[PDB]
């Protein structure tokens, strides 16, 4: 009964059938995670890195996190570290997790970044200064309905849906909440005048994103192996539309703005990503989901492996025939499709 729910939540028997791509390279300079990433229309890619998550491996617990930038229009894109400026943020404790971008009517680019300084959660709002390759911190957002934020999707400069992957803030309590299988994780709509729960009762809600026309919201429920599709309404509420099931732990969801396809980074075996073992490291798996509203969504494994190259894939996105894949605490891979 408990064996058994544990073995299925954590997919503890799963081994990964490989699925290769013609030409993949490790992104040089990423060795401490690349948990989330987001690619602008112009090919600039933001990557958050250095996440320290309780119970989870990290190779440099003393180094603070960073937001990296890659220009994917380059033949061999090199990463650089974005300089964060401003006096409203303590960088010494920057511990970045999910991110999302919003482009205003004036073409100002805002970056929203989930941050875990100590045990806590905030969402930091930055303005991207392209010529300078820097991030100007604008605002720290925190809220009782954002106790344990995993990812967000922005729908304005300080308006977003956020997944909380746990109900509790304290990591000792979170650990009990997860192992007891309470499924109290929930999703919050945040805006300046109006903050509310929009969906609830998830077993580790994680990735979240939105269709390019703004009518559907997708939420990954990691330990249930589901992605939930909701209709999103003009008053910002969500209503359940459908649920897809997978044989893998789904992490972050990227949405291709031309087709609306989902690109999902996934953990084939949960035991390996939650209990790190250098000799038995977590693998990587990327799904593409097409026609997600149709009667049978088309799901393809685009890339899959056991960890000998890339460990703990959480996120994948595409840009002009290339695929960039990030991980919780390891490296990043850039691939021809």
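Residue numbers count along the first chain shown, from 1.
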Problem - Which of 96 to 104 and 71 to 79 has higher mean CA B factor, as the PDB entry lists it - result: 71 to 79
Practice task
With reference to the PDB entry, specify whether the mean Cα temperature factor is higher for 133 to 141 or for 262 to 270.
Solution key: 133 to 141
Completion exercise
Based on the PDB entry, the highest CA temperature factor among the options 311, 34, 290, 64 is that of 64
Exercise for the section: Please rank the C-alpha B-factors of the chain's modelled residues and tell me whether residue 315 sits in the lowest, middle or highest third. Expected result: lowest
Exercise for the section: Pull the Cα B-factor of residue 283 out of the PDB entry and bin it into the chain's lowest, middle or highest third. Expected result: lowest
Practice task
Select lowest, middle or highest to describe the third in which the CA B-factor of residue 179 falls within its chain in this entry.
Solution key: highest
Practice task
Report the third (lowest, middle or highest) to which the CA temperature factor of residue 161 belongs, ranking only the modelled residues of the same chain.
Solution key: lowest
Exercise for the section: Could you look up the Cα B-factor of residue 109 in the entry and say which third of the chain it sits in: lowest, middle or highest? Expected result: middle
